[PDB]
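Each chain, letter by letter, is given below.
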Amino acid sequence: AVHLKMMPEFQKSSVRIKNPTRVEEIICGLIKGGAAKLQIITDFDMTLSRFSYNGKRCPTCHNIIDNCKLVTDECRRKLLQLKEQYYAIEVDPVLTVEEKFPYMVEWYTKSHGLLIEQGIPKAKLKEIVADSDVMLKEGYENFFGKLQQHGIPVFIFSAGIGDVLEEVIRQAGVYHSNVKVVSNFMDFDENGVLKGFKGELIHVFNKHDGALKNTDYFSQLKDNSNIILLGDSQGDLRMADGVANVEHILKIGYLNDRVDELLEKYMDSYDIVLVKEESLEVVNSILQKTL
Ligand SMILES: O=S(=O)(O)CCN1CCN(CCS(=O)(=O)O)CC1
Ligand SMILES: [Mg+2]
């Protein structure tokens with residue numbers, strides 16, 4: 001039997017849970033299925049990586065390139081203007097999420113277009129990442145470690161930049177064979193210089209589309225009918241839309257900012273809400289019981 005009251009990780013003040021009885025029954029099912037039935041579906045930026053550090057906001061994978069030595073101050077000025085204009089639409093309470101779709105396509109196309117003009121070589125991504133301020137959430141080594149030990153499928157589905165994300169986890173020593181990355185991947189020219197992005201754009205609000213376009217992955221994992229989903233946006237809730245069969249799914253959401261505005265909505269839509277929480281200890285505690 002599962003009792004959250006007796007799990008110390010669940011007593012942290014960052015832990016908000018609307019329906020603890022329901023959470024216990026989902027976790028109960030996760031434990032029952034063990035390793036053989038488990039898979040993880042997660043975004044990257046601000047979920048696996050930190051939102052802030054020492055009162056200073058940490059970079060998204062996109063920001064790692066924005067802030068690097070290969071990008072000029074005038075470009076960063078334009079990237080910031082794009083962000084100020086378009087982020088206001090992202091967080092706009094009046095527009096429906098569907099209405100925000102074209103605006104997100106514009107923002108990401110325009111910001112990716114600014115990076116392309118700056119001339120980013122593939123060979124420099126290692127240095128750029130090593131010199132960046134990116135941080136993984138506390139407990140990432142045990143997170144990735146226990147999962148790889150038990151061969152648990154991990155699907156990292158990111159609206160960020162796939163090449164950057166991959167370099168982050170590679171340098172962290174946690175890009176193991178069980179980890180599949182679906183993101184916006186760079187397209188390089190004959191000289192190994194960024195000229196564009198591959199495939200269909202993934203942004204904060206269209207992850208449903210990509211979830212369905214990964215049938216290959218999810219049908220291979222038909223038996224993995226128990227899911228742990230980790231997100232930090234409302235859009236991350238769509239990341240399991242491609243899952244073959246669902247027996248139990250637990251949804252854990254990092255609420256990193258806009259806390260007063262979003263808390264009620266997060267508590268209604270995620271089973272577990274982690275408020276201004278920079279660790280993976282709650283998910284790790286569930287894995288400890290399950291694996
Ligand atoms: O062998 S099986 O795979 O069938 C289930 C055993 N598995 C191994 C470790 N235990 C004890 C950790 S805890 O319950 O103290 O967290 C959790 C579940
Ligand atoms: Mg994110």
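Residues numbered from 1 in each chain as written, not as in the entry; some residues may be left out. Chains lettered and ligands numbered in written order. Heavy atoms only, no water.

### Examining the site of ligand 1
For step 1, the next point in the chain: Residues in close proximity to ligand 1 include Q288, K289 and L291, which together make up its full environment.
For step 2, the next point in the chain: Within the backbone of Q288, a nitrogen or oxygen atom sits 3.4 Å from an oxygen atom of ligand 1.
For step 3, the next point in the chain: Backbone polar atom of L291 to a nitrogen atom of ligand 1: 3.1 Å apart, as the coordinates give it.
For step 4, the next point in the chain: The protein chains hide 33% of the 470 Å² of surface that ligand 1 would expose on its own. (Near = heavy atom within 4 Å. Polar contact = N/O pair within 3.5 Å; in protein donor to acceptor, adjacent residues only side chain to side chain. Areas by Shrake-Rupley, 256 points an atom, 1.4 Å probe, with all protein chains shown as cover.)

### Some thoughts on the coordination of the magnesium ion (ligand 2)
For step 1, the next point in the chain: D43 (OD), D45 (O) and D232 (OD) make up the full set of protein donors to the magnesium ion (ligand 2), lying at 2.2 Å.
For step 2, the next point in the chain: We note that the donor set of the magnesium ion (ligand 2) lies within a single chain, spaced as D-x1-D-x186-D. Note that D43 is positioned in the loop between β2 (38–42) and β3 (52–53) and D232 in the loop between β9 (226–231) and β10 (248–255), a separation of 189 residues in sequence.
For step 3, the next point in the chain: Judged by its relative accessible area of 16%, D232 falls in the buried class. (Donors = N, O, S within 2.8 Å, 3.2 Å for Na, K, Ca; no water. Helix = DSSP H or I, 4+ residues; strand = E, 2+ residues; numbered from the N terminus. Buried < 20%, exposed > 50% of the residue type's maximum accessible area, 1.4 Å probe, protein only.)

### Regarding the packing of helix α3 (residues 73–90) against helix α4 (residues 97–118)
For step 1, the next point in the chain: Interhelical geometry of α3 versus α4 gives an angle of 170 degrees and a closest axis separation of 10 Å. With respect to their mutual orientation, α3 and α4 come out roughly antiparallel. Residues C75, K78, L79, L82, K83, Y86, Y87, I89 and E90 of α3 pack against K100, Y103, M104, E106, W107, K110, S111, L114, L115 and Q118 of α4. (Axes fitted to C-alpha atoms, helices over the stretch in contact; angles between N-to-C directions. Parallel < 35°, antiparallel > 145°, perpendicular 65-115°, else oblique. Contact = heavy atoms within 4.5 Å.)

### Some words on the domain arrangement of the protein chain
For step 1, the next point in the chain: With domains assigned, the protein chain is organised as domain 1 (1–47 + 134–187 + 206–291) and domain 2 (60–133).
For step 2, the next point in the chain: Computed over C-alpha atoms only, the centres of domain 1 and domain 2 are separated by 25 Å.
For step 3, the next point in the chain: Each partner contributes residues to the interface: domain 1 has 19 residues there, and domain 2 has 18 residues.
For step 4, the next point in the chain: Between domain 1 and domain 2, a total of about 1,500 Å² is buried, with carbon and sulfur atoms accounting for 68% of that surface.
For step 5, the next point in the chain: Contact with domain 2 buries area across many residues of domain 1, yet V134, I161 and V164 alone supply 32% of it, more than any other trio. (Domains from an automatic or database assignment. Buried area = accessible area lost by both parts, 1.4 Å probe.)

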